[PDB]
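Take a look at the structure set out below.
For neighbour counting, all protein chains shown are included, and Cβ atoms are generated from backbone atoms with ideal geometry for every residue, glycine included. Values in this text are rule-based calculations from the coordinates and carry no lab data.
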Amino acid sequence: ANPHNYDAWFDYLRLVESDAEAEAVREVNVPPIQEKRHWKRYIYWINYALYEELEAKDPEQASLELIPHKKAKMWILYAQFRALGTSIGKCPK
Amino acid sequence: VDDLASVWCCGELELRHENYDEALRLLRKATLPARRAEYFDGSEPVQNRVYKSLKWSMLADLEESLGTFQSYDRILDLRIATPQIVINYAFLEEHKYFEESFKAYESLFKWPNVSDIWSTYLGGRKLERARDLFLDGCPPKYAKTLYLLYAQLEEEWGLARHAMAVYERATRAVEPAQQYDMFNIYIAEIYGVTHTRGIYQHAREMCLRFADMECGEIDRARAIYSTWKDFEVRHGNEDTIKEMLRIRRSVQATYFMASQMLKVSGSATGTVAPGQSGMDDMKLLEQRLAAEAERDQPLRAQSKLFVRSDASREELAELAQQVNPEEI
Amino acid sequence: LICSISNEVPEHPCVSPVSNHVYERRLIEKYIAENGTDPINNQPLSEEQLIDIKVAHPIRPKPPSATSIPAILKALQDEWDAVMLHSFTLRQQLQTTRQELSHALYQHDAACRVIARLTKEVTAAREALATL
Amino acid sequence: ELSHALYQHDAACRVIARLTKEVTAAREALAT
Amino acid sequence: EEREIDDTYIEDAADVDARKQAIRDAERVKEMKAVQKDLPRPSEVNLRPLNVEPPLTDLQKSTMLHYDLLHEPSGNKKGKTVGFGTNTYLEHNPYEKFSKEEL
């Protein structure tokens, strides 16, 4: 409650708190904590949240969520030839 | 020494009276249970050998009066003893009036009551309840009496009176048999429903659920919803209500358990929401395994869905091998 | 027996003539001097409107007992009005028993025609098979 | 008298079960 | 490794068997409310279906001897479903006969 109670102000502050409470949830509603974590990361830095949210997504349906977050020409070419490809397109583009 | 002297007791009366004065002296040392208890058993024994001598019940009443003068549950064992020989004497009720004079004066005598009520049966109900004014085995036994007389509902009442006493520990020991029996009797919903409600404060959930399914069903499912074995059950009953819930159940299940979530997911997407289920199969396979690799390989092989996603899958599982090996 | 304002046993009962209720004179008098009203209904009432409790006049009464003719007549209403409900308990329960008997005798009359045909068919199958 | 009909109602549908068996035993013997 | 689950399942299975016996004991006896009479059964015969229900009444009640206790739920359900198939106009003929018996 104290971890979630830590206010989300701005983008990086809320994303920093997302790292805290997610680790707290992990170590100790598993789906709803992941969903509230998904909205915190998506509702943030927007450039750095592509590598932060997705890095704990494989650990955390999967194909659709990765394509929306990753969304470039070379990435589509790499896909046609599934989590590693979205990671390649997130860091580069 | 009084016993060896008793063995030595031709003036046995002299040794006995000397044992009495010895009681007068030893009493000072006692400032009591086994001392007073043996003192009473021996005094009454002296009146018992006196009884054999026709020398005795009155003096026995005198020594028992000394036991009254003693200054306690063991003393109640003494009262139980004077009452014991007093009933063995041939005046059963007369002694019971005395132990009753003591308790009315107010517990040790109750063990003698269990010694007495056990055969007093061969009406007895109030005789038994007198114990309740002052022992779960005794309780179940008595309820079994009324059951033998088939008072039925009266018997259930007894289990009401027991459980108000012993609290969530002994009460369970009563309550498991009480449930199995009362459900066996009437087999009206609201009364038994309430009875489980009172009851609830693990197996109880199972009896209760067993009741609900065959006398509202969803309500029961809510109750099971309200540990691995317990998860396994619910899933079974939900499957009994039809297939769709069971895939749903696992999602609840996730929060060795991964083997079970895999067990449900296997026929889930395997028979196939289905995309969310397959991606869930990936999320679970990645959740924590060579047989699982055979599973994903089977899912890939099933397509008449791509070597790339498959190699990526083995790559991810290899990454899991990396995170696993990295662990200390 | 009681005063409705205080709840005591009033030692000087005076009954009002707007809201019929027995008040204690000393209590109700102060209620009127506060404001000219009856405490219960809040209707206007003065001290002269209030009237002490009195012996009727010249006809002598006797206390309310079981002998008294009017108390005995209201008793016989209780007897019959209770016995009239006793008849409903047996009229309503008769309409369930005869309704269950009607459906029971119909299921008996619908079934016994099938017992008569099976006693025919099982004996006819024994008459047919044994001859062959 | 309604309760006497309920015993005969349930006693009759036990007697039909034995009569159906005697018909079932007959249909097997006719086939042979 | 089951523990207190076989005891719970045995209590659940023993609970199921009691639910089958009480319901299939008797329709009239289980719902709501006779002296033993072998002479009344002898006088009533002096026709076969009447004697069958008489022995059925003497068996359930247990100058009265008991014996019959082997005559199960599935055969009665198919017997009830078959007789229901054989059985506005039917509602009026039952209401008219009920008024005749009432008179």
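Structural remarks
- Pairs from A:90/B:283; B:242/E:78; B:229/E:77; A:73/B:283 whose Cα-Cα separation, in the structure shown, is over 32 Å: B:229/E:77
- Once both labels are positioned 7 Å from their Cα atoms along Cα-to-Cβ, the gap between residue A:28 and residue B:107 label points is 4.5 nm.
- FRET efficiency for residue B:191 and residue E:4, using Cβ-Cβ distance with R0 set to 30 Å, rounded to 0.05: 0.70
- Cβ neighbours within 10 Å from other chains - mean over C:115-126: 5
- Förster-model FRET efficiency, 25 Å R0, residue B:18 and residue B:88, C-beta, rounded to 0.05: 0.35
- Pairwise FRET efficiency - residue B:144 versus residue B:324, Cβ, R0 = 56 Å, nearest 0.05: 0.45
- For chain B, the convex hull spanned by the alpha carbon atoms encloses 248 Å³ per residue.
- Residues listed by number, the stretch B:89-109, amide nitrogen under 18 Å from residue B:61 label point at 7 Å toward C-beta: B:89-102
- Distance from the C-alpha centroid of the stretch B:49-83 to that of the stretch B:126-167: 33 Å, rounded to the whole angstrom.
- Derived from the Cα gyration tensor, the three semi-axes of the equivalent ellipsoid of chain E are 37, 25, 14 Å, largest first.
- Point-to-point label distance, residue E:14-residue C:54, nm (Cα→Cβ direction, 7 Å offset): 8.4 nm
- Three-way shape call for the protein assembly as shown based on the alpha-carbon gyration tensor, with the a/c threshold at 1.5: rounded
- Approximating the spin labels as points 7 Å out from Cα along Cα→Cβ, the residue E:96-to-residue C:34 distance works out to 7.7 nm.
- For the stretch C:1-83, dividing the convex hull volume of the Cα atoms by the residue count gives 143 Å³ per residue.
- Taking the stretch D:15-32 and a reference point 7 angstrom along Cα→Cβ of residue C:129, the backbone N atoms nearer than 12 Å belong to D:20-32.
- Count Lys and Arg as plus one, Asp and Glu as minus one, and take only other residues whose Cβ is under 12 Å from that of residue B:125; the net charge is then -1.
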